[PDB]
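First comes the structure, then the notes that go with it.
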Amino acid sequence: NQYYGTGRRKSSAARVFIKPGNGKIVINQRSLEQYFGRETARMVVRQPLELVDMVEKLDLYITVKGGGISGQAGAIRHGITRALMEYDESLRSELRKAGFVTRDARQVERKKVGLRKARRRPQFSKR
Amino acid sequence: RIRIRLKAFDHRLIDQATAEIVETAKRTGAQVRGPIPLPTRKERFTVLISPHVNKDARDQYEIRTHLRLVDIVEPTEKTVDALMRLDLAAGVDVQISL
Amino acid sequence: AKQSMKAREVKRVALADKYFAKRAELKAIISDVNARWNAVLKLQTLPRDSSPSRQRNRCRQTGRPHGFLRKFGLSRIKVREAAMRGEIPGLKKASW
Amino acid sequence: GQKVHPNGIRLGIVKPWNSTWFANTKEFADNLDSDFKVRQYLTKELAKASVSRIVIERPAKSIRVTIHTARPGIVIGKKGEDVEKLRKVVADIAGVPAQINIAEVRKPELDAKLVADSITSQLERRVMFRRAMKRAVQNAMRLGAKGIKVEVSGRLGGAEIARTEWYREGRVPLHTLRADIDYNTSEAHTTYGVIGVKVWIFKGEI
Amino acid sequence: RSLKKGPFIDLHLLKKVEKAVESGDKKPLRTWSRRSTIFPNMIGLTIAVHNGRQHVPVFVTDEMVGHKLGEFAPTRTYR
Amino acid sequence: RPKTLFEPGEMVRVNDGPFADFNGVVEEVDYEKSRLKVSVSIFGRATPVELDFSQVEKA
RNA sequence: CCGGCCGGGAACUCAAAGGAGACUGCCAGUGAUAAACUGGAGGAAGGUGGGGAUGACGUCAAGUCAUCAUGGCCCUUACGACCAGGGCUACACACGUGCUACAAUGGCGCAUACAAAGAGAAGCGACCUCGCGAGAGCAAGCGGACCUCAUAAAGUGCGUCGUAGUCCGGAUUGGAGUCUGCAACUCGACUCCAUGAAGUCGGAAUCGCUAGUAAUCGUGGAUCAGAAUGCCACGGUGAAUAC
RNA sequence: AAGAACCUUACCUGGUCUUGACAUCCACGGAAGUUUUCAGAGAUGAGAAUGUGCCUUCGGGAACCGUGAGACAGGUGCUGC
């Protein structure tokens, strides 16, 4: 009845519940275009759906939280990839060939002492 | 529907204390909820490591106050009469809410 | 050893404890508009050493006014020394 | 100068904390102040008794203090009267009821704080510091484990060129977090200055 | 620049002002307080303000209405 | 109930809470909560517990 | 009752303990049959996955007698203490570290969806009321997944300014004030009103950075009565190039 | 210096004390606290109103205050060669 995928993109966590139904999706009780379809990085949540190319086959419902717009988009994409993991393993091999299976291990870096930023050293003169 | 809330510096001590709490609640048998993972509060301090001058050298310290709540909802007369003197731990802070 | 400094500090703590919190919470209540005067000419007669702004948070190990922390009540050097000795509970050296 | 304090880096996993109680902030400061006052007076009173460690536990209207001691009979005194008396004055200085506890430490010349205190007392007696370190390392090897390092610094014979002597046989792996290296320092006051003694020693196989 | 709900007058300054207007005309006396608020009702004093090692006289005039007594005494010395 | 209101300096007793048959003294009274705090000495530690006037009965 | 409403396994994010996991493990080629190197399948990360702590023997008689302690010397009816003012904040100059900008990638008015990390009782203080304002009362909640700080902002849609010393920037100055503290002249921060220097992307020279990095945009904490463009710390967007 | 409005100051002008603001052993009498006056810029110099405890084998049990010399106290004074 339900097909589930979490997905995480370094500050964002999603939950994707899919019934087999109409192709229109919803993210945080509003559609994709109403949430960030006007914004950038909109095609990444369509990349697992357009790589295999189903459009109206399934019915998605995603709750995403934390992070920013592109972190939420990557989390939604990766929850879709775990849903396809729950679907089958041949499509898991296809998504591993594409590059969508891996959870991105690139988190932001801590601020360190004696430094302005995470890696930026303060400027010192020659003398 | 009373809740017992516990604070400690040592998570092993607080886990053994709440394990003895749920073991005394369940040693006969009752509908008792286990301890909840209420979030640990972290006090972090960066202080200077040299007495006179520092530019990049500072040492960093952290206190983790671990927090549990067992929320005893089932009334048992032996549990009420003798849920004292179980852990005998001096590092555990105990509060009661309702 | 700045014992003069520490004696000055504890003397102004004692004098502020003696002349504070007996009428200090009513100062704003009497002064402020309720929704010049004899009352305010009496209110502008309070001394200067009784205020808590006279106090400086100094260390209790040494009396050093700089590098203080409120939670330990100590200077930064003695906070580090007690942490490395283990005399402060729960102060494991952070490593994230 | 560039070494980390090994007890302070082993506190997370291996070394237990010297104080294990809990307090919130506005009494945390007062508990640190009373802990220092109790520890300072107890160390001053029992420096003759040559105690190893003072561990304080508080239930926030009580104090219970455990003293790790080489000689428990000196601290407990005569039929418990002397230990009851300094329990009374610890209660008087802390404002809370006090319980006393004595923990005997075996192998006093393998105990880390007592080696530093004994070398400090020997330099107060003005015997040769080099012989003091050789006796310490020899007695530790004779009646205990197989690793100890002693550093004696400051006014060693009054030389103009500063020089720190440290004696070496056995293993003291300081970067390893698993091994239980006990380390302690002490200060010896003499007519030519203060000498600092720092000792590292491990106790047992893992 | 201060609060409009209450001016700041020292009690010792107020009793010096009241005694000076009781006496009338008077030679200047040395006052150590620089934290003061003046008024057009009490414009006319010849009170002198202390700034460190030298003491300077101050003769207040009609146009100052809310200024400090320390503004007319220069604390610093420049060439 | 007669004498249903308690005051500091008056001994109270716990009926429904887990601290029956122990001595207690009233520390703080919250007028807005309409409920009272008892400072119980237990485990060697002063412990405040909040309870209701109709929930507890005095001794 | 459109405010996550209440019986519910708690599905699931999440928090917080016990663990599993990733160890060149498995297979090919290279290497001398060795260590090892390269590639591939599986897998969340593959070759100390990322980051941090951890900094050997010693050098610089490097720094601190001003955190503290201590050897020698000195004052010990003054190199001691208590005070009221002032100075540590000066100003013909010189250097170092940063912040704001020189603009259209932007400035002004309106609408719009999130963050993570925190702190809060000699406190955090929503909300009632008035004001084109800093902000003025007995206002609930909280000693903390509940309550407050706390409207996140760059961004996205518009309307406008159309490459000007300008609807760019705010220095400086003058009026009318709040908050703090007994008391803001020396010598706090702000907002209400008014002016709007220099600045047209900067010579010789020189600095940081190899990925969630540099840049850029917000947020919290320490000391703190009140006062950070500094410091610590957290998240958003997020490069280019290593022959 | 993870915070300079006289006050956190360590420096200066002026006003005050040499057992001291801070610690111990003494001789003399008493608690505390709250509203003030005569002068002061304050540090400081002198009188009013009030309670006067457990009390030890009535040595007024025990912090605390005002006088005096030596013991002493203090130094963020010098020497990090």
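Of the candidates C:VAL40, C:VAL79, C:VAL13, the single residue that is within 7 Å of another protein chain (Cβ to nearest Cβ) and more than 30 Å from D:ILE9 (Cβ to Cβ) is C:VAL40.
Matching residues to (1) among the hydrophobic types (A, V, I, L, M, F, W, C); (2) within 7 Å of RNA strand G (Cβ to nearest atom); (3) assigned to a loop (DSSP other than H, G, I, E, B):
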{"residue": "E:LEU14", "(1), (2), (3)": "yes, no, no"}
{"residue": "E:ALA20", "(1), (2), (3)": "yes, no, no"}
{"residue": "E:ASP25", "(1), (2), (3)": "no, no, yes"}
{"residue": "E:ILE38", "(1), (2), (3)": "yes, no, yes"}
{"residue": "E:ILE43", "(1), (2), (3)": "yes, no, yes"}
{"residue": "E:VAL49", "(1), (2), (3)": "yes, no, no"}
{"residue": "E:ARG76", "(1), (2), (3)": "no, yes, yes"}
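Restricting attention to the stretch D:21-60, the residues that are within 14 Å of chain F (Cβ to nearest Cβ), in a loop (DSSP other than H, G, I, E, B) and surrounded by 15 or more Cβ atoms within 10 Å (Cβ to Cβ) total 6.
Among the numbered conditions (1) assigned to a loop (DSSP other than H, G, I, E, B); (2) near RNA strand G (Cβ under 10 Å from one of its atoms), the only one that D:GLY204 does not meet is (2). I'd like the full set of residues that are in a loop (DSSP other than H, G, I, E, B) and within 14 Å of A:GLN72 (Cα to Cα), limited to the stretch A:32-49. Correct list: A:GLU39, A:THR40, A:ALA41, A:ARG42, A:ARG46.
The condition of being farther than 22 Å from F:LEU51 by Cβ and within 7 Å of another protein chain (Cβ to nearest Cβ) holds for only one of B:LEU88, B:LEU48, that being B:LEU48.
Residues satisfying the criterion are present in the stretch D:61-74 (criterion: farther than 30 Å from F:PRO48 by Cβ and assigned to a loop (DSSP other than H, G, I, E, B)). For the stretch C:17-24, does any single residue satisfy the condition of being more than 8 Å from RNA strand H (Cβ to nearest atom), away from chain D (no Cβ under 14 Å), crowded, with 16+ Cβ neighbours inside 10 Å and in a helix (DSSP H, G or I)? Among the residues of the stretch C:17-24, not one is more than 8 Å from RNA strand H (Cβ to nearest atom), away from chain D (no Cβ under 14 Å), crowded, with 16+ Cβ neighbours inside 10 Å and in a helix (DSSP H, G or I), which makes the answer no. The test for being more than 22 Å from A:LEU95 (Cα to Cα) and crowded, with 20+ Cβ neighbours inside 10 Å holds for A:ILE27.
Name the residues in the stretch F:30-59 that are more than 14 Å from every other protein chain (Cβ to nearest Cβ) and closer than 27 Å to D:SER62 by Cβ, would you? Result: F:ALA59, single match.
Over 16 Å from D:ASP33 (Cβ atoms), surrounded by 13 or more Cβ atoms within 10 Å (Cβ to Cβ), of a type in the set (S, T, N, Q) and more than 7 Å from RNA strand G (Cβ to nearest atom), is that true of C:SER31? When the stated conditions are applied, C:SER31 passes them. In the stretch C:82-92, the qualifying residues are those that are touching a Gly at 6+ places or on another chain (Cβ under 7 Å) and part of a helix (DSSP H, G or I), and the one that is farthest from the other protein chains (Cβ to nearest Cβ) is C:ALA83. Scanning the stretch C:46-96 for residues that are more than 10 Å from RNA strand H (Cβ to nearest atom) and of a type in the set (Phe, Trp, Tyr) yields C:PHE72, C:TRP96.
If only one of B:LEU6, B:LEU67 is more than 8 Å from RNA strand G (Cβ to nearest atom) and within 26 Å of C:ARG70 (Cβ to Cβ), which one is it? After applying the criteria, what remains is B:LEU6. Return yes when C:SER95 is among the small types (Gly, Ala, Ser), assigned to a loop (DSSP other than H, G, I, E, B) and within 11 Å of chain D (Cβ to nearest Cβ) and no when it is not. When the stated conditions are applied, C:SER95 passes them. Under the condition of being out of contact with any helix residue (DSSP H, G or I) (no Cβ under 9 Å at 6 or more places or on another chain), away from chain A (no Cβ under 12 Å) and farther than 21 Å from C:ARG85 by Cα, the residues counted in the stretch B:53-68 number 1.
Name the residue that is nearest to RNA strand H (Cβ to nearest atom), counting only residues in the stretch C:25-37 that are within 11 Å of another protein chain (Cβ to nearest Cβ) and not in a helix (DSSP H, G or I). So, considering only residues that are within 11 Å of another protein chain (Cβ to nearest Cβ) and not in a helix (DSSP H, G or I), the one nearest to RNA strand H (Cβ to nearest atom) is C:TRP37.
Restricting D:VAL137, D:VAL127, D:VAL90 to those that are part of a helix (DSSP H, G or I) and either over 19 Å from the mean Cα position of the chain (by Cα) or among the polar types (S, T, N, Q) (or both) reduces the list to D:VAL90.
If you go through the stretch E:1-32 and keep only what is away from every other protein chain (no Cβ under 12 Å) and within 18 Å of C:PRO47 (Cβ to Cβ), you end up with just E:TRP32.
Within the stretch B:71-83, the only residue that satisfies the criterion of being within 7 Å of another protein chain (Cβ to nearest Cβ) and more than 13 Å from B:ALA17 (Cβ to Cβ) is B:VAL80. Within the stretch E:1-59, the set of residues being away from RNA strand H (no atom under 13 Å from the Cβ) and exposed (fewer than 11 other Cβ atoms within 10 Å of the Cβ) comprises E:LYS4, E:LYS5, E:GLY24, E:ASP25, E:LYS27, E:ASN41. The sole residue among D:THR185, D:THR120 that is over 19 Å from D:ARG106 (Cβ atoms), part of a strand (DSSP E or B) and out of contact with any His (no Cβ under 8 Å at 6 or more places or on another chain) is D:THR185. For the stretch B:78-98, taking the residues that are β-branched (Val, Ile, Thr) and closer than 28 Å to D:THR66 by Cβ, the one that is surrounded by the fewest Cβ atoms within 10 Å (Cβ to Cβ) is identified as B:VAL94.
Because the Cβ atoms are built from the backbone with ideal geometry, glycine has one as well, and the counts that use them run over all protein chains shown. A short reminder: the numbers here are calculations on the coordinates, not readings from a lab.
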